[PDB]
Ligand SMILES: *[C@@H]1O[C@H](CO)[C@@H](O[C@@H]2O[C@H](CO)[C@@H](O[C@@H]3O[C@H](CO)[C@@H](O)[C@H](O)[C@H]3NC(C)=O)[C@H](O)[C@H]2NC(C)=O)[C@H](O)[C@H]1NC(C)=O
Ligand SMILES: *[C@@H]1O[C@H](CO)[C@@H](O[C@@H]2O[C@H](CO)[C@@H](O)[C@H](O)[C@H]2NC(C)=O)[C@H](O)[C@H]1NC(C)=O
Ligand SMILES: *[C@@H]1O[C@H](CO)[C@@H](O[C@@H]2O[C@H](CO)[C@@H](O)[C@H](O)[C@H]2NC(C)=O)[C@H](O)[C@H]1NC(C)=O
Ligand SMILES: *[C@@H]1O[C@H](CO)[C@@H](O)[C@H](O)[C@H]1NC(C)=O
Ligand SMILES: *[C@@H]1O[C@H](CO)[C@@H](O)[C@H](O)[C@H]1NC(C)=O
Ligand SMILES: *[C@@H]1O[C@H](CO)[C@@H](O)[C@H](O)[C@H]1NC(C)=O
Ligand SMILES: *[C@@H]1O[C@H](CO)[C@@H](O)[C@H](O)[C@H]1NC(C)=O
């Protein structure tokens, strides 16, 4: 009709930062923990080092 | 190394986000929302001043500690078969602390000129306070970084000289030339930090 | 819901709002029924020129006398960016030979877009349209304000440069400080983690 | 006039001022402890002397506290941004200086503890260098104090 | 007039004190444990004579929990942002100081538990070294009590 | 009144509340069970007496599960900022607490099972270290029961 | 009235719930396969006993599929922020819990596979560990279903 | 009438789906072929019996092609953004599923092609493992059609 | 009307389409050249047979060459967002599918050439594997073509 | 309403057209010489014959020059969005194709010169290999013309 | 009316023309220096013939200096931002091309100078590789001039 | 009037001008000193000569001064954005040029000290190389002047 605006609401400029930083922190934490749990030293004891 | 990989990942993600955001905004004719004036006018001069004040001592202390450990470890280790080197080789430690002394004096000097004001909008504050805050931040940053690199170089050469002196007594008295030439860059940093803020009249 | 247009041989000033209500002694009352469809509204005091605008709404006898709300908007050529921005410079109220200034602050958009700001009331959950203390009368709730001035084309109402906030005025300062602390905490963590020990034991 | 965002900076300054010093002292004590463990087996008699590097690291903790209460004795609801950032600067200065002093104390304490085990005469020299390490904390405290009044 | 988001910051304090606290009590209670195994094979008599570091790590965990429970008990929905800042600062200080204390007690225990098996005298020294780390933890508490009262 | 997007946090704290804790539990098993295998080639008699680390990793997991359900069943179409933000805090707290406890439990189980393959006398003391880890799980739960509840 | 991109999170729910579950199952199968290849060449008798770490690992994928079909078929055109956030939480929950569970099955499968080559009596105990190593995933599925019930 | 994203997301889904399928299948077939080439050095006479893993890797890329063509066919210029989001989700899901499955097939196939040269009894067991990887492939289809219909 | 920036996505699509094919054809030749150089030192007879991999990577180059030309053949100023999106999807799909195919071609070619260095008749089976890699890229060339016609 | 100042992107195209491609040539040389001198320890009589690997590297540089000029020859004040984007596409395509070609030729020459050091019979066949690497560069230029011409 | 901030870009262009190129030439001498440390200790007589890489690095620096001076000289107040972007592109172009040339020159000079100690004939090969390694900077300079003058 | 943020750019330029010069000078001096100390054991008579490198590095520090003073004298409250951009460009150019020159002198001196320790005829040759490094630094100075007093 008159091409109204989308109704972008106030206080959004704070929620964006809040959610962004929380998401970044949580993603980084899961990344680091899974990464460390992958490169894991089983020990290389008489079960592992031994073969044949 | 996991930590280096983490740092690289964060850095690359940050710069990729910056590049993509910049390109889409520039193509989108939205250059009117990039008003750097608002970015560098909303910030209070006192934030810039106080960040400079903190750094002007923090980085100097960091450099002093770096040089202290780097020379002290070798001084203590190398004297087992030559206790004579304990007292001959104390010049390096003295300079490693003189760096922090210069840092503290500069912190005291720049700490002056902190009279508050009452303006709360950019049009009322004026140019003078903005100049004051920026200049004080710059002076603090330059003095801190100069003294940091100075202390590191001093500590490295002090370690080298202390370690070499245990072989022949007639070495150290001439190897200290590089040790003395170390401090000149920190002196230059202090001089420039002095000069940058010689015309601030905040208040 | 049609908007209000000032027809100076062409569309020149356009105004729209989903709420616009007023209170004299804290009795809020409806005024959207008295606008946006009433063609006999007092627009005699309104004026137009390129780079200047007044929109004066003198509402009909209510509470003993007609009440006039006068929006004063101006635009000027900004040198550095080489563009044309505007801002509603002032707001006045005329009832009985009395004047005030509910000064407008957080309004500026280029001549390519219109404005939008939800719940711009003026009082407690707004924080603006300030009256500079001496608070006498005339609270006024505007919600979903919209405007275009100093050049229009037809009846079309274009996309809006909403000032909902790029990031914010203050969280930039907060984020700078916290990131600066974060770097130092990472310095601490790198050396606290990568400490080392000895193996077996000296006899 | 002053928004509600003000005391943010002062409170974080108060927290960091002590957090960094605590971390530095902790690292110094850790390094000195492992050094003592290495030193002990051959020369027990020096044990009660080789505590000297450890207590030295502990000093840093107390220094942080000298500011960590002080800034907390001046905070109030009606505080301007200027005083808040002054507090922040003091806190950052003292905290980072404490961190650096803790690192240096730990390293030189380990080195001297290892050294004395094979040469008792080294003892004197060790303490001397350690004096400088303590001074690293002291300067970092001093500026903070004069940033709490002006 | 108070902003809605304010309480958020205080709530994060209710997390943060505990969040890092347990982490410190996971740095030590594990590592020192390995130590008490390494010589239970040979000198099992000293299994219970050097378990002190683990108890101290539990004590830093308690130091975190006290501030956490007080933080939660001082909760409301219309909190002014200043009290929120204070609360989060207290939580952060306690958490990070506890993490550092846990680190130090852990590494010192893992060293001293091995050291004690080569000579008995070292035991006395460690009863000091460990306690020095513990001092840091106590210090954190004090500052929190100034940030929850002033 | 209540913002409609406010439900976001009301669920997000639930997700983290299960994830972090559970993930640490994985770490725990990956140092306990593996260790048993290394010690189960020569002392095959100590198979059933080395399951305790696994059941404690189970305990630290169920802590995260129970808190997650407790903070997830309160959700509805009109969540208020107060409750949602409390759930975020509680979930983050318990998740990171469970993570740290699981890590410590894993290291303890590995070292203890390695040390029990040559001298049974260690065993009881081993269990002692383990309980010092399990209670850390409980610590997280405490905060989560006083933030999500009120 | 509702946001235009509100269904994004609804689709992302099923997307994550399927993808991370599949990733975990695939990794478990891969590492278990490496284990069988390493171990069974010496001992062909166990070519049908090390199959459990794979087939019991594959249950993760079926769990993820069970969640994903429901999430995909529970999306309408009129979705608000509340429902979409519920779906997002459920999907992320199952994905990350299944990742951890897959990891645990992979490592414990390697351990049990290489331990069963020595003595058959390690057939029983290891499988018991495996039960808990899969429950680390099972728990998660449960809560996600609640986040789709409302 | 419709936004500018009415067709960006369909193409992004198609492109990313096919790209991820290509990467996964390439890695799988390449790893299997390297295994075959290294195996052929001692026992070249078994090349024609070990082409199975390469085809088992490529079949999932056939499935990715099917889904890519399908997401292509349903794309026009008057489609609501709902279907755009849905098709992007389906494309990304099938792409990552194919990637994971192909990588697992590659790892198992290479290790097992190396292993089988020393024991004929291995031949049967591996084939079963391969079918399990193939199971993941069909699971992708179980979602790939679903998001196309609702 | 059509926004003027529409051509951007089709342009970058064509560019990426050819660029990724270039990278793949570079990787393929890079590995296979090392393989043939290693092989050719001791048995020069097989050289005629071992030129195949690079000749084949040339076809992966052609795959992107033709598609880029076809994409650019339908670009002008009055392009709607639609056809630009379609060109981008086609280009990226072909480019990265060719990249993956070239990667597999290179790895398998180098390994197989090294294997055939001793026993030439592996060229019978090796070559079959090679074909599959190319065929993977062909899946791309169809899909992109379809997205260039609709 | 002409486009604002799009000419930026236009110039950037020219930059890429040699920033990557020329760089690729550099890499090639850094490998080819690194081969040649090694090979010169053995056969000092074939130095001249071993420079043909270098020569083609230079050729790819010339491509990254010529196309670049054909961009900078069209520059004016009133470049529209259309032409500038076409310049960007051409430059990116040719530059990155040249980079890939440079990597390939560098690796091939390095391996090949050392390989041919021992057996001349390789050399002649190897020339064909090198040619195809060069041909990749050729293809790049072609695409970067066809897009730029429309 | 062209804006004032547009000039900024132009200034930065000059900076690149003296920063990036310079760094390249740094390598172009530095590595060569350590090469001499291995050459003249046994074969010092050739030192005078080993200065060529250093002269090439000086030539790279000369190219950087001439373009930087040309860019800086033409600068003025009333610039159209298109001119500024053109200058920025030329400066970046020459800087990165000179960087590539310096890297290649340094590595080639190092290899050749170490290799000549056992081949008296390496001089011609070193020169004939160096011409190609240095032509890159010349091409970058040519295009930089053709851009800037236009 | 002028904008209120003009002086910020000049401030940052003046700071960087000395920061980078100091870092370069520190690195060069440290490496020259280490080389002298290492060499001094075997050839005590060359100690004076090997100081020629270190003093060279010092000269770069002076260059920093000649810029940072010059900005600080020409800065005032209300300068225009143009002059601020000019000063920032000059400062950054000289700073990074000095840094690169410092690295060059450091490496060359570290090698040349050794060369003269083991071979007298080396010395003068290396002197030439050191001068070349210095040349780069001086070039930076030139540019800054043309960008400062303009
Ligand atoms: C709307 O306009 C202003 C904010 O937009 C409010 O404050 C006015 O601003 C003036 C400067 O912009 C204030 O400063 C005063 O300026 C006058 C004229 O130069 C001097 O005489 C005064 O000394 C100076 N300072 C003070 C402290 O008075 C004005 O005070 C002020 N204008 C007034 C009161 O008319 C206004 O409050 C607001 N308008 C009104 C009518 O209240
Ligand atoms: C704006 O819409 C609101 C509802 O969202 C209407 O609400 C009334 O607001 C006035 C004051 O502005 C109050 O006195 C009334 O009590 C409200 N009425 C209700 C909630 O029933 C409002 O009428 C709309 N427009 C105007 C001009 O007021
Ligand atoms: C100007 O007009 C207002 C009305 O908007 C006057 O209001 C008076 O209010 C009383 C209330 O009982 C009425 O009965 C009177 O008729 C009104 N007039 C007077 C003269 O009292 C108000 O007085 C005037 N306001 C001013 C001068 O500020
Ligand atoms: C202004 O002109 C428009 C467009 O023709 C018309 O619809 C509207 O009624 C006019 N308004 C007034 C106030 O004259
Ligand atoms: C409009 O208001 C003005 C205010 O001065 C008045 O003079 C005029 O008569 C009013 N017009 C009508 C139509 O009431
Ligand atoms: C034009 O704008 C000017 C500037 O304010 C104003 O004085 C004048 O009255 C306006 N109208 C005209 C010229 O019709
Ligand atoms: C309003 O827009 C027109 C049409 O583009 C433009 O020419 C004019 O300059 C603008 N008005 C002002 C005051 O700049």
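In order, the residues displayed for chain H correspond to 6-155 in Swiss-Prot numbering, which applies throughout.
For this deposited structure, the header notes the method as electron microscopy, 3.6 Å.
Cβ atoms here come from the backbone N, Cα and C positions, even for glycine.
Feature list (source: Swiss-Prot):
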- H:11-33: transmembrane segment (TRANSMEM)
- H:34-55: topological domain 'Cytoplasmic' (TOPO_DOM)
- H:56-76: transmembrane segment (TRANSMEM)
- H:77-92: topological domain 'Lumenal' (TOPO_DOM)
- H:93-114: transmembrane segment (TRANSMEM)
- H:115-131: topological domain 'Cytoplasmic' (TOPO_DOM)
- H:132-152: transmembrane segment (TRANSMEM)
- H:139: site 'Essential for proton translocation' (SITE)
Test of understanding: applying the rule of at least three C-beta pairs under 8 Å (pairs 6 or more apart in sequence), is the transmembrane segment (H:11-33) touching the transmembrane segment (H:132-152)?
no
Can you tell me how many other Cβ atoms are located within 10 Å of the Cβ belonging to residue H:139 (site 'Essential for proton translocation')?
16
Apart from its near flanks, which chain residues at least 6 from the ends of the topological domain 'Lumenal' (H:77-92) lie with a Cβ under 8 angstroms of it?
7-8, 10-16, 18-19, 152-153
Residues of the same chain, at least six outside the topological domain 'Cytoplasmic' (H:34-55), with any C-beta under 8 angstroms of its C-beta?
62-63, 107, 110-112, 114-119, 121-122
Close approaches to the topological domain 'Cytoplasmic' (H:115-131) from elsewhere in its chain (Cβ under 8 angstroms; 6 or more beyond its ends):
36-37, 39-41, 43-44, 47-48, 51, 55, 58
Counting by DSSP, what is the helix, strand and coil composition of the topological domain 'Lumenal' (H:77-92)?
9 helix, 0 strand, 7 coil
Using DSSP, what is the helix/strand/coil residue split across the topological domain 'Cytoplasmic' (H:115-131)?
12 helix, 0 strand, 5 coil
